[PDB]
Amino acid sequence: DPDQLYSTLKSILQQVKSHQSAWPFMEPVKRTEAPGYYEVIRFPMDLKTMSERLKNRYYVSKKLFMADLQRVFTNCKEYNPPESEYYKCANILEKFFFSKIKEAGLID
């Protein structure tokens, strides 16, 4: 259908959300749990917000989707110590993300 981009992105986002390393990214970061977070991280992003954006038909291009999801990882890696469990999850899930976007032919 015309929903080919939407269907592809929904599949990708769902697979990312089901991944066992996705648990840290599943909802917005809480100020209580992250001192200084919103002072350092200017464009917060999480997989719940991404799901809404997707449902709200925001992702009219592959580039808008890839930017949000990449941001989930890079925010985490800037904020957290390099050997933290969060930083480890980011890179695992990031590897999985780049493999899925390649599988789908979203990058050439």
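The first residue of the sequence shown is number 1, and the count goes up from there. Between two forms, the rigid core is the largest collection of C-alphas that superpose within 1.5 Å.
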Which of 11-19 and 95-103 strays further in 6 other deposited structures of this protein - Cα RMS after rigid core alignment:
95-103
With everything overlaid on the rigid core, name the stretch, 60-68 or 31-39, whose CA atoms wander farther on average in 6 other deposited structures of this protein.
31-39
Please compare 32-40 with 63-71 and say which has the higher mean C-alpha temperature factor in the record.
32-40
Hey, which bit's got the bigger mean C-alpha B factor in the entry, 23-31 or 43-51?
23-31
Third of the chain, ranked by Cα B-factor, where residue 14 sits
highest
